[PDB]
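Presented as structure tokens, the chain that follows is alone, the form deposited in one PDB entry.
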């Protein structure tokens, strides 16, 4: 049930000029990734895994979006709940994947940059889709980040990143949480997106001066909520609410990250079919507990490096990603 894809990034200019050796080969037609744990490219021992989809170094953002996100966006628009996670070591591409970057020299606008990642392609698509069709809809967004088991709002322009939100259980619906103070921002039109993100990109900067290795050690939850009051030609007014959470996890490398530790432990309990799952043992797992064995539809995108220095981290990721394939939800 939980879909897992592996994205492998190309050798960085640091490993480019250093003219090194790939220990990872990604076969998109075989949905398989293979790591060389031994030696010699003439004779080598290897480790091989199979996923739902693998994308090699030559994969572009649009490729990823078209293949994995687009189908999740369609389910969300229908009124369902979906979740996407980016898992993996630091410096392998979790952020390039969920956010993407800007092509240099102001070459493109935000909506056409080949480098844009999931989050911005999605926000744009939403408008591009519902706007056409005859629907009254509304988009809300939230960016909730976890650093050291403390909760932060990176979108609220009124309060600074030094003020942590509180989390309490939701008396109404069980297994839900209430985040006191989280700002939900309404995005009135496409040409109103980029600023919302620029503010986020700004506030995360101060968050970095305030907390060590923030960008590595924090988990961000980008949530977009769609309220659609559709009315097809028939004049049928369907009231749909779709929610999508885009999660860029802290770096899987190895103080302690209670949520990352709790995530893996939660995954274990679900694959090992154990009755007790430690959702409550971290903020991340309690917040997104429905994405993990609940009724949300979830995908994981693990990110790895071709580099041989990363061997250990790559097998740790490939492996962690592999077992999750066994989590069944919806």
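We call the rigid core the largest set of C-alpha positions that still match within 1.5 Å between the two forms. Positions refer to the first chain, counted from 1.
Another form exists, deposited in another entry; not displayed. Remarks below refer to it.
Asks: Spell out whether the Cα of residue 268 moves at least 2 Å between the shown form and the other one when the two forms are superposed on their rigid core.
Replies: Yes, residue 268 moves 2 Å or more.
Asks: Core superposed first: is there a CA shift of 2 Å or greater at residue 15 between the shown form and the other one?
Replies: The answer is yes, as the C-alpha of residue 15 shifts between the shown form and the other one by 2 Å or more after core alignment.
Asks: Please state whether residue 281 has a C-alpha shift of 2 Å or more between the shown form and the other one, with the rigid core used for the fit.
Replies: Yes, its C-alpha moves 2 Å or more.
Asks: Residue 207 and residue 146: do their C-alpha atoms lie closer or farther in the other form than in the form you see, with a change of 3 Å or more?
Replies: Distance between the C-alphas of residue 207 and residue 146: longer in the other form, by 3 Å or more.
Asks: Answer with closer or farther for the CA-CA spacing of residue 249 and residue 208 in the other form compared to the shown form; it moves by 3 Å or more.
Replies: Farther apart, by at least 3 Å.
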